[PDB]
Amino acid sequence: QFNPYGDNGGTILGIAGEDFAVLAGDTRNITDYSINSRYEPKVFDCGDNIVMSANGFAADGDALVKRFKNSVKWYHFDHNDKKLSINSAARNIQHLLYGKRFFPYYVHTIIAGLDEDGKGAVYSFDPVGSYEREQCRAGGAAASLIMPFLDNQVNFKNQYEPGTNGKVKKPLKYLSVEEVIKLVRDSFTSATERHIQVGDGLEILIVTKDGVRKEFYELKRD
Amino acid sequence: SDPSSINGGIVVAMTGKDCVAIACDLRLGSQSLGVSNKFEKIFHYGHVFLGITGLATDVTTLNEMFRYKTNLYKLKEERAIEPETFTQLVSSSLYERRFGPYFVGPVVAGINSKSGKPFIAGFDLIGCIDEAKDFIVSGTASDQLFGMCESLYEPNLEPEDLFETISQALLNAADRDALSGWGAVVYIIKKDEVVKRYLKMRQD
Amino acid sequence: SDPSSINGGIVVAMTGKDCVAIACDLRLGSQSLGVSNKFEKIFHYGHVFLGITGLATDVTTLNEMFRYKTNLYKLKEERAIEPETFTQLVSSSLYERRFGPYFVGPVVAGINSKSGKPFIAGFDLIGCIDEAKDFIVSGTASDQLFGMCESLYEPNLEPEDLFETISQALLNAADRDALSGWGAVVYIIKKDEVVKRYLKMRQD
Amino acid sequence: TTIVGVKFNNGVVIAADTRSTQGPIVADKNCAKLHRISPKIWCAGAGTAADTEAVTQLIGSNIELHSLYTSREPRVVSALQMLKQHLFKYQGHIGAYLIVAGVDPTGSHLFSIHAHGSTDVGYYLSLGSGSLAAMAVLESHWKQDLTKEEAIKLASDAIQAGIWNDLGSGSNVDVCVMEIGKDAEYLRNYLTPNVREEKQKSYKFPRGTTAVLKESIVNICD
Amino acid sequence: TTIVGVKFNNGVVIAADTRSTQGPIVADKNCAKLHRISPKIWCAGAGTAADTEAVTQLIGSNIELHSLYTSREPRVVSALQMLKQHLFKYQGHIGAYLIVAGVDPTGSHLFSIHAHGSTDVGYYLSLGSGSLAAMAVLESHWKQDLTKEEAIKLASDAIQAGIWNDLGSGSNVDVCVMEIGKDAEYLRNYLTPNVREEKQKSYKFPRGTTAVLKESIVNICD
Amino acid sequence: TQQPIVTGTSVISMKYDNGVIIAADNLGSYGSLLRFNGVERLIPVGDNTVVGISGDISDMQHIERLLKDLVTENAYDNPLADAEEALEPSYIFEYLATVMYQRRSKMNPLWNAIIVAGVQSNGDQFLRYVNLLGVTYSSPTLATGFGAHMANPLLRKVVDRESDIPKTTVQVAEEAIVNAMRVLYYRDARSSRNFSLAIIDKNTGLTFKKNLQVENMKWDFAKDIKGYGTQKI
Amino acid sequence: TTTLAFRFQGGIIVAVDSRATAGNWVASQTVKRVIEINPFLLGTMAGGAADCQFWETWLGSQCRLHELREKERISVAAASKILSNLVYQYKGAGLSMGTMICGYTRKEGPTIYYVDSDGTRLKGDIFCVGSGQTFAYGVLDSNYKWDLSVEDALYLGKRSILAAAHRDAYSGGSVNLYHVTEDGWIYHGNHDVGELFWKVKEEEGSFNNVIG
Amino acid sequence: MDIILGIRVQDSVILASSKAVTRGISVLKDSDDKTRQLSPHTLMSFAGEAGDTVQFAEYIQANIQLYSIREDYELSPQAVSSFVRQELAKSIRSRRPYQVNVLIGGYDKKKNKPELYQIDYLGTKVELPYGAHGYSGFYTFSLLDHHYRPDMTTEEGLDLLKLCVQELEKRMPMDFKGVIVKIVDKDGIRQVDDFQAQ
Amino acid sequence: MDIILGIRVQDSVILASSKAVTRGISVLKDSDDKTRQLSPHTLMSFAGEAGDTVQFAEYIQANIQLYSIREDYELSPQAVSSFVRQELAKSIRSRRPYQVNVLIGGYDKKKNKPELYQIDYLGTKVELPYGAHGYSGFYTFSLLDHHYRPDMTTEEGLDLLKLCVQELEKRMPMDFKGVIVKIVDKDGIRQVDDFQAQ
Amino acid sequence: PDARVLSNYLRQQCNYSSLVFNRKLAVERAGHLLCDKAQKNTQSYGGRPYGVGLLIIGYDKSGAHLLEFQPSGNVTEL
């Protein structure tokens, strides 16, 4: 019996800042209990200031992205090099994904960037097209180890104002890209400690109104 | 269907400067249906504490099995059993049933009345032991806990800060676990004085 | 579940001196539930008779398929089709559907208006033909019939005695078959004049 | 099902019992496994009833169409190439094993095609339920060159070994002899070893035994 | 799970990482696969955790009872005969593969028992998730007769090849050296290549963040 | 779906300062049987690339054909067909990966693991995997079959990271890869003893070594092993 | 998932939760279970996350072509038919989706049509689909009255989703409210189930067996 | 399964059809009409698989109506049921068959006789004095075998049918939420909204 | 499954338990009492697998009664339910386990407090203010979460419980043929034969 | 219009040669392609030839490049 699917581990993450957005994802690539490469990117700039990453079954990922990028190309060709509004992008990705509703792309994809007002913006996707505008979403192998943490930190959950008992929720202020990346880094290290499919390296792409920036940090090669 | 996820629940333990903390949620439900919010998973024999997760009917039986056992011990040695001497027990105990295990995940935690040193330990269903100087987690939201503990933990917290760190870990994993919640309770164990507290959390 | 035993029923044919007889029960039911006692399995196109057993919905469709077909024949050749020329048909017909057969067991029987000789024939679902000078049986109580026919049959019976022999075979097999009964009907076919009769039988 | 075929000097002969099964119950007490493909080309069909009688049917009809058009007597290997080409196309879902025999203006021939389209040749063949019976009566009493009467005597004495020792075959023997420069002879019942003894009682009922409820005279024409 | 063992001139050495799995999540970040059967007899246990630690337990206890009674130091083949006799009785339903090593008043020994009771011998053995890793570091750098320091250097350099290239093994290395006419040395952490870097933020909350509903002081004695 | 019949085992490879290496014995197993030897799994393409194939042989023989025709085709109306505009490793590989995927996506795969090694026209090193599922990935070291389990480890003690290729002498690279091939033959019932190693140096060009074997082995220490614990003789 | 809608004097009231879960982990508490087909129609989301979202958004485009052609508002019945028809075409293929199409045209008044992947198309007054449907039905069955005020009609829907949220492990998060009128729908915010509970317990007395 | 009863009397046909609709654990409705009028004097009840059920009913209805304006003449009960059995007949051997059982009861203004045809999803049709689909028969058939007479008044039939329902309630595990009755005759179709309003 | 409800009020426990008994297609009875009194002030309802159900109930009843004459003292609700959970607990790991779920509601004449214990076939016990077994909970639990108060009168509880049943009827597919109610308190057990006689 | 069709066919040819092989389509090739397409329209019944000339430019691995195509399928490099 030929089984057309495979899981290449990995974890990606996307936070939407007040006026910028990030999307990180470790570089390790695996198969069962072995290593295929300690550095193989899973986060690409697709043009028009849009970062994207599809995580799950390596191949379906590469395919979707390529298929998406060739699509940005033609959007320009047909509408006078007009810019692709990230919202317009997600709607499009839906159709791509739902295109294969009955032979689904075995992946959890995530794009991120800026809306038409300059505010950060993220988008999480079903492996068949269901998308929602998220503001902070971990997807991947250890997502269940980073979401509880950001919940607490980025959104101050279960935290109250001292000396007011369970009466005043601690107010949320918004993090400077600096602070967010310190958050993002701690999350990934912890994850490497307790999850064997996470480690080796962490590459991060920051979207701002100047283009896309990239930063890297080495993780433990457990 | 995994027998160790019908009822649900979580337990976590931590060590600090001359103290330990053990905490758990309160929910007991069948599959999706929530049945109770007063189901406690933490018991104690003398100055030794044990939290248990997994199949509820087994959790209950084990408590009774250990109460029974510890009372007989005390009577015979004319002293209460210690944390290590106890861990060894619940380990053998779990194992004597290696081919029809109780579906649980115990977690011992106490202070040694002789040395005075903090102790916390975990086991899996057949009894494999596991000491650690920092923390133990077990349950349905097992992973959410490893993620919280591998961040918020800090060696030698003061009992007043330990209470804050442990609570926050429990509190937040239970929120990303669909089968754990409906309240919680945390203990802060010192050489003497033991303080118990119930926390306020989402009831969904 | 065998598609050829949901509805039930039986058909039998015999030859005598210058005549034939064709008979069948009347029941149509779903599994155990008896639904009707007026469901006839014997039809006719001109002076040619066809009895059909098996899956009721197919029995009905076939009748319509053959009526349709024979009317077109008559019109084109300016004469009614004969017993043999017909058998060959329903055989090919059944076969054109060799990989999704109708679930039946037809049985042709008539007298040749040219020669004047008696004719009876049987087929299985894919159309294999089968002539015989004595008798044809088909249905759920198929075996009970071979047992009755292989005893009570007698070459060259007089139409008045044929009626008695054929009736008795049908009558008695239908009593040892749980899915056949609720009445019967028998035909006695001569060169001319055709007499039809309904018989009285247990209604259980 | 129990058929055989054996060739001699000026032709070939095949024989087959006449008993169709259908579970343990007997259906036809006097069947006819011997079919005509063309005047001097005959087949013996074992296995799935309708299939063999319908396939020979076909091939026959086409070969008739062939000779007519080519203005020459039907070769026997044609009838073979046809059958096994067709049998194969249906990966064995048309269970018809058989023994094709005949004579064309190039000698006498004898073949045996299995369901899947496989064909073999020899001087004597056996196919059916009692093939191992009538193949002990052939691997014993066989010699090269046999009179017409010998060949006939052997073939019909093989079938007989099938009738008696096998449950999936019985009743009478049927034979067809194809001789060179001569017409073919069809022997429907060259033997009749089985003939039910007479009954012990007459089972005719006295007129009026059966109880009737209604009577009437149905019509036919217009 | 990643263990090895290698003997030299006056003794033998075995090493094992310290990482218990349980799916992809890590359980124990500093386990101990090295057990003591008797003072100078040690085991390395791969596979099902509880099983190995419980079986060595047993056998050990019994051998202690044995020597006492026979008034002689524990032979190493005894410990072997015991283990594999027991392992077998349970047709492999007690998944404990391991490497038994030691020294008795008849030389130094090294064995490897599989789950079902099968045992083999050599000068160097590897059992675990990364046995093929640390077995390329042994089929390359191996030579007859090796200094104590060489043997130690090799064994610990095999484990290391397991740590890095395998996902089912990591963290630190543990070693135990058994030398003739000498006591045994237990090296809990002869290495510590992995040590989580320090975090990027202090995550201590201000006292009173958590909301409480009830409080009280529970009792203990009588 | 389908199943592979005849099969080639591992194919190990690595990079160095001036180029890349790629080896792979010549045995073509038929289950437990070793029915073949004159089997070549190193298919060079053009004068700058080589493709090591593993898995079903009938499907390997199929790709090869495809590659040849890809070549005999790039020439068609192209005068620089041996200079400026001539097949690169990255062209070949891109094309291959396409097909591979297209295929699994039709539930009719080619049962293979593949390595495309070579040096770009501008001098860069190129090493990229690609199996029957379409999954592909780059790395300093690469290997199919056991290579991933037994080769890799060793070829990593050499080039542990992307910051060591520059300091790896074409000679040291090879001397390892072959000791690795010693290991492969030491523990892998589906491997042959003699092989075929091919280098692709940016200066020297393509060197296609053929039929060699694994010498320098250690079986002496066998005489010492007797029984399994009790036997003393 | 716990979604519901119902008719009454004021029109239609739609309420949903926002929890989405993978196995036993809460992959998200921010799901828009209400598809805003267009200014006048809303569809809910049960069964399949994507199938619901995709086809219902498709359906919106359909209504738009229809309105440009006839120069008139499409009717809830015709819209619900279109959907179920497309769904029925794929019967067998494995789609999945229970849903409430809610509209209020001039001629047909306020209409709710339940529609699912089986090909079912029901007209109704009260519908609840989900894993918490049973609990929602409780509060709802006992308190519904055609003459509910608007203010109370919304509170009923809210308390209903809350009931589920509490008992059904697979339901929770924040309730989202909508009110549909003959001029279109009006959003009535997103209320966090966390906070709402404590509020209700305190201001309604209910939820006694809960210490807090 | 759902409940589908029908009985022909002196000069009319009566159809009973449970009102509930259930999706798994809950009951989304207790006032469903399983009926669908094909023409002024032909009525057809149905019960079967979730989606298949009414897609089919409406389809049939559409064909009959089309035929009726085209010919301006009304198709007869006998010919109407014949058409249905034809479709269902073709259906059973198609990529995916409709799983629908039906009852057709019309008034033949040509013979001035009521007729009731019962057809199951396989294409099995039969003309009966009274019928039922699915498990519905075991609880009733005996009562009707007992009291039914062809001379019965419409008024008497209802009383009979009431008994059958009372029995269905007492021994059937499912709670079908009552039935809805309808009468077909020389004057057309009308609903006995008083077996419900009782 | 069968219906098993129970609610503790001010000073007493109330138990509701559907009356029907069904074997496959038919309903052999619509007046079954799933109750069984263990002692003057302890009552226990049950529902589960066909045979296992009352063999177990009676067994438990026999043990309690034995203990009671022997000691001449009456075992307490708390200790009684403890014994039950013990048995069922051993049961789950035996050649063949009883598949029985239960509710025990007694009056602790020692504390003068009513207590209600709910136990499932696995040995899972819990003390609650109100409970139910099987699917019975989804249709009721919300109504009780809403109206229940510990100060409630016996008189008020019934009214409440009535609502839960009315809901069970409106949305549950099965027709449980009504319930039988019973009250336990300082004066013992009595049957509210007026929820049935209503 | 004709140009649209042509330039479009060209955009396609380049994209294929880009995704599949990952190599920028050489200019000479783009000539052959535009010639063979213009070709078909001079050998069959029913249609008409493209009424439009194009000057193509580009920069492959042979540096600069200029071509001149005519509706007869004649592409010359100037």
# chains A, B, ... in the order shown; residues from 1 in each chain; ligands from 1

$ residues_around --residues "residue J:54" --least-positions-apart "3" --cutoff "9 Å" --atoms "only C-alpha atoms" --output "PDB file with N, CA and C atoms, in the first residue's frame"
ATOM      1  N   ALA J   3      -1.353  40.988 -31.071  1.00  0.00           N
ATOM      2  CA  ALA J   3      -0.165  41.152 -30.239  1.00  0.00           C
ATOM      3  C   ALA J   3      -0.418  40.571 -28.862  1.00  0.00           C
ATOM      4  N   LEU J  67      15.456  41.044 -31.484  1.00  0.00           N
ATOM      5  CA  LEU J  67      14.868  40.262 -32.567  1.00  0.00           C
ATOM      6  C   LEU J  67      13.747  41.007 -33.256  1.00  0.00           C
ATOM      7  N   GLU J  68      13.489  40.606 -34.491  1.00  0.00           N
ATOM      8  CA  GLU J  68      12.420  41.197 -35.262  1.00  0.00           C
ATOM      9  C   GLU J  68      11.557  40.118 -35.930  1.00  0.00           C
ATOM     10  N   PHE J  69      10.332  39.987 -35.436  1.00  0.00           N
ATOM     11  CA  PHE J  69       9.387  39.009 -35.925  1.00  0.00           C
ATOM     12  C   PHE J  69       8.349  39.633 -36.832  1.00  0.00           C
ATOM     13  N   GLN J  70       8.010  38.910 -37.896  1.00  0.00           N
ATOM     14  CA  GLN J  70       6.991  39.305 -38.862  1.00  0.00           C
ATOM     15  C   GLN J  70       5.936  38.163 -38.920  1.00  0.00           C
TER      16      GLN J  70
END

$ select_by_dssp --residues "stretch 15-205 of chain G" --states "helix (DSSP H, G or I)" --output "VMD selection string"
chain G and resid 49 to 70 76 to 89 133 to 143 150 to 167 193 to 204

$ closest_atom_pairs --of "chain B" --to "chain E" --cutoff "10 Å" --atoms "only C-alpha atoms" --output "tab-separated table"
residue	atom	partner	partner_atom	distance
B:44	CA	E:220	CA	8.4
B:45	CA	E:220	CA	8.0
B:46	CA	E:220	CA	5.5
B:47	CA	E:220	CA	6.2
B:48	CA	E:220	CA	9.3
B:80	CA	E:221	CA	9.2
B:91	CA	E:50	CA	9.3
B:92	CA	E:54	CA	8.6
B:95	CA	E:50	CA	8.3
B:98	CA	E:51	CA	9.1
B:99	CA	E:93	CA	9.2
B:122	CA	E:27	CA	9.6
B:123	CA	E:50	CA	9.3
B:124	CA	E:50	CA	8.5
B:125	CA	E:50	CA	9.3
B:126	CA	E:50	CA	6.5
B:127	CA	E:50	CA	6.1
B:128	CA	E:50	CA	4.2
B:129	CA	E:50	CA	7.6
B:130	CA	E:28	CA	6.9
B:131	CA	E:28	CA	8.3
B:132	CA	E:28	CA	7.7
B:136	CA	E:27	CA	9.0
B:137	CA	E:27	CA	9.2
B:138	CA	E:27	CA	10.0
B:142	CA	E:25	CA	9.4
B:143	CA	E:25	CA	7.5
B:146	CA	E:25	CA	8.8
B:151	CA	E:203	CA	7.3
B:152	CA	E:203	CA	5.5
B:153	CA	E:203	CA	8.2
B:154	CA	E:204	CA	8.1
B:157	CA	E:204	CA	9.3
B:160	CA	E:207	CA	7.3
B:161	CA	E:207	CA	6.6
B:162	CA	E:204	CA	9.2
B:163	CA	E:210	CA	8.8
B:164	CA	E:210	CA	6.4
B:165	CA	E:204	CA	6.9
B:167	CA	E:210	CA	7.1
B:168	CA	E:210	CA	7.1
B:171	CA	E:210	CA	9.0
B:183	CA	E:213	CA	9.9
B:184	CA	E:212	CA	9.8
B:185	CA	E:214	CA	9.3
B:186	CA	E:215	CA	9.8
B:187	CA	E:218	CA	9.6
B:192	CA	E:220	CA	9.5
B:193	CA	E:217	CA	6.9
B:194	CA	E:217	CA	5.7
B:195	CA	E:217	CA	4.8
B:196	CA	E:216	CA	5.6
B:197	CA	E:215	CA	4.5
B:198	CA	E:214	CA	5.3
B:199	CA	E:212	CA	4.5
B:200	CA	E:211	CA	5.8
B:201	CA	E:211	CA	8.3

$ interface_residues --of "chain B" --to "chain I" --cutoff "9 Å" --atoms "only C-alpha atoms" --output "PyMOL selection string"
chain B and resi 33+35-36+38-39+55-58+60-61+100

$ select_by_dssp --residues "stretch 22-219 of chain D" --states "strand (DSSP E or B)" --output "PyMOL selection string"
chain D and resi 34-38+41-47+96-104+107-113+119-121+124-128+173-179+184-191+212-217

$ atom_distance --atom1 "atom CA of residue F:213" --atom2 "atom CA of residue E:133"
22.9 Å

$ residues_around --residues "residue A:196" --least-positions-apart "6" --cutoff "12 Å" --atoms "only C-alpha atoms" --output "ChimeraX atom specification"
/A:9-11,28-35,141-142,189-190,220-222 /E:19-27,29,163-171

$ write_last_selection --atoms "C-alpha atoms" --output "CSV table (one decimal), in the first residue's frame"
chain,number,residue,atom,x,y,z
A,9,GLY,CA,8.3,17.9,11.8
A,10,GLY,CA,9.0,21.6,12.1
A,11,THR,CA,7.2,24.5,13.9
A,28,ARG,CA,15.5,21.5,11.4
A,29,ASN,CA,14.0,19.0,8.9
A,30,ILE,CA,13.3,15.4,9.9
A,31,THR,CA,12.0,11.9,8.9
A,32,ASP,CA,11.0,9.6,11.7
A,33,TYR,CA,13.9,9.5,14.2
A,34,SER,CA,16.6,10.9,11.8
A,35,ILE,CA,17.9,14.3,10.5
A,141,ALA,CA,4.7,20.2,16.0
A,142,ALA,CA,5.1,22.0,19.2
A,189,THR,CA,14.2,27.4,23.2
A,190,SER,CA,11.8,26.0,25.7
A,220,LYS,CA,20.5,23.3,20.4
A,221,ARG,CA,21.3,20.4,18.1
A,222,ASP,CA,19.9,17.7,20.5
E,19,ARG,CA,17.0,11.2,27.8
E,20,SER,CA,13.7,9.3,28.2
E,21,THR,CA,11.3,9.9,25.4
E,22,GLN,CA,7.5,9.1,25.5
E,23,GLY,CA,6.3,10.1,22.0
E,24,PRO,CA,8.1,13.1,20.7
E,25,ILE,CA,8.0,14.8,24.1
E,26,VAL,CA,10.9,14.5,26.5
E,27,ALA,CA,10.1,13.2,30.0
E,29,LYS,CA,16.2,15.4,30.9
E,163,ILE,CA,23.2,12.3,21.0
E,164,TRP,CA,23.6,14.6,18.0
E,165,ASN,CA,22.4,12.4,15.0
E,166,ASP,CA,19.4,10.8,16.8
E,167,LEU,CA,16.2,12.3,18.0
E,168,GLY,CA,15.5,9.5,20.4
E,169,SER,CA,18.6,10.3,22.5
E,170,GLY,CA,20.4,13.3,23.9
E,171,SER,CA,21.5,15.5,26.9

$ interface_residues --of "chain F" --to "chain J" --cutoff "9 Å" --atoms "only C-alpha atoms" --output "PDB file with N, CA and C atoms, in the first residue's frame"
ATOM      1  N   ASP F  77      18.569  23.382 -31.684  1.00  0.00           N
ATOM      2  CA  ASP F  77      18.488  24.833 -31.888  1.00  0.00           C
ATOM      3  C   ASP F  77      19.070  25.673 -30.755  1.00  0.00           C
ATOM      4  N   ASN F  78      20.315  25.396 -30.397  1.00  0.00           N
ATOM      5  CA  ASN F  78      21.000  26.119 -29.335  1.00  0.00           C
ATOM      6  C   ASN F  78      22.488  25.890 -29.556  1.00  0.00           C
ATOM      7  N   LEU F  80      25.120  27.359 -28.134  1.00  0.00           N
ATOM      8  CA  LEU F  80      25.947  27.409 -26.933  1.00  0.00           C
ATOM      9  C   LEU F  80      25.749  26.146 -26.091  1.00  0.00           C
ATOM     10  N   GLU F  84      27.807  28.521 -22.720  1.00  0.00           N
ATOM     11  CA  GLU F  84      26.944  29.416 -21.969  1.00  0.00           C
ATOM     12  C   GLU F  84      25.588  28.817 -21.635  1.00  0.00           C
ATOM     13  N   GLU F  85      24.908  28.248 -22.628  1.00  0.00           N
ATOM     14  CA  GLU F  85      23.592  27.665 -22.384  1.00  0.00           C
ATOM     15  C   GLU F  85      23.615  26.136 -22.427  1.00  0.00           C
ATOM     16  N   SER F  90      21.254  22.433 -11.119  1.00  0.00           N
ATOM     17  CA  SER F  90      20.005  23.015 -10.678  1.00  0.00           C
ATOM     18  C   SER F  90      18.875  22.939 -11.701  1.00  0.00           C
ATOM     19  N   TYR F  91      19.211  22.803 -12.974  1.00  0.00           N
ATOM     20  CA  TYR F  91      18.176  22.712 -14.001  1.00  0.00           C
ATOM     21  C   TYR F  91      17.660  21.289 -13.974  1.00  0.00           C
ATOM     22  N   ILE F  92      18.603  20.365 -14.026  1.00  0.00           N
ATOM     23  CA  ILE F  92      18.314  18.950 -14.019  1.00  0.00           C
ATOM     24  C   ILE F  92      17.416  18.594 -12.854  1.00  0.00           C
ATOM     25  N   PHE F  93      17.898  18.931 -11.662  1.00  0.00           N
ATOM     26  CA  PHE F  93      17.206  18.666 -10.405  1.00  0.00           C
ATOM     27  C   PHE F  93      15.811  19.282 -10.314  1.00  0.00           C
ATOM     28  N   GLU F  94      15.697  20.538 -10.708  1.00  0.00           N
ATOM     29  CA  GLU F  94      14.413  21.203 -10.699  1.00  0.00           C
ATOM     30  C   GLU F  94      13.445  20.374 -11.530  1.00  0.00           C
ATOM     31  N   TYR F  95      13.880  19.997 -12.730  1.00  0.00           N
ATOM     32  CA  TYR F  95      13.088  19.190 -13.652  1.00  0.00           C
ATOM     33  C   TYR F  95      12.732  17.854 -13.048  1.00  0.00           C
ATOM     34  N   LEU F  96      13.724  17.189 -12.465  1.00  0.00           N
ATOM     35  CA  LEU F  96      13.479  15.900 -11.837  1.00  0.00           C
ATOM     36  C   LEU F  96      12.438  16.019 -10.743  1.00  0.00           C
ATOM     37  N   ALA F  97      12.690  16.881  -9.761  1.00  0.00           N
ATOM     38  CA  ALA F  97      11.738  17.052  -8.664  1.00  0.00           C
ATOM     39  C   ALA F  97      10.329  17.262  -9.218  1.00  0.00           C
ATOM     40  N   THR F  98      10.183  18.135 -10.199  1.00  0.00           N
ATOM     41  CA  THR F  98       8.868  18.341 -10.780  1.00  0.00           C
ATOM     42  C   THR F  98       8.253  16.978 -11.054  1.00  0.00           C
ATOM     43  N   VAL F  99       8.810  16.248 -12.017  1.00  0.00           N
ATOM     44  CA  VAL F  99       8.292  14.923 -12.359  1.00  0.00           C
ATOM     45  C   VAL F  99       7.964  14.078 -11.122  1.00  0.00           C
TER      46      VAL F  99
END

$ atom_distance --atom1 "atom CA of residue I:159" --atom2 "atom CA of residue G:202"
24.1 Å

$ decode --residues "stretch 117-139 of chain I" --atoms "C-alpha atoms" --output "CSV table (one decimal), in the first residue's frame"
chain,number,residue,atom,x,y,z
I,117,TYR,CA,-24.0,9.6,45.3
I,118,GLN,CA,-23.7,8.9,41.5
I,119,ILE,CA,-21.7,5.9,40.4
I,120,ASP,CA,-20.9,4.5,37.0
I,121,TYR,CA,-20.0,1.0,36.0
I,122,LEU,CA,-16.3,1.7,36.0
I,123,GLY,CA,-16.2,2.4,39.7
I,124,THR,CA,-16.3,6.2,39.3
I,125,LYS,CA,-18.1,7.7,42.3
I,126,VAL,CA,-18.9,11.3,43.1
I,127,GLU,CA,-21.2,13.1,45.6
I,128,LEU,CA,-23.4,15.6,43.8
I,129,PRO,CA,-26.4,17.9,44.4
I,130,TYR,CA,-28.1,16.4,41.4
I,131,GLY,CA,-27.1,13.8,38.8
I,132,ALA,CA,-28.0,11.6,35.8
I,133,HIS,CA,-26.6,8.6,33.9
I,134,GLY,CA,-26.1,8.1,30.2
I,135,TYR,CA,-27.5,10.6,27.7
I,136,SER,CA,-29.9,11.8,30.3
I,137,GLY,CA,-27.6,14.6,31.3
I,138,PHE,CA,-27.3,16.6,28.1
I,139,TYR,CA,-31.0,17.5,28.1
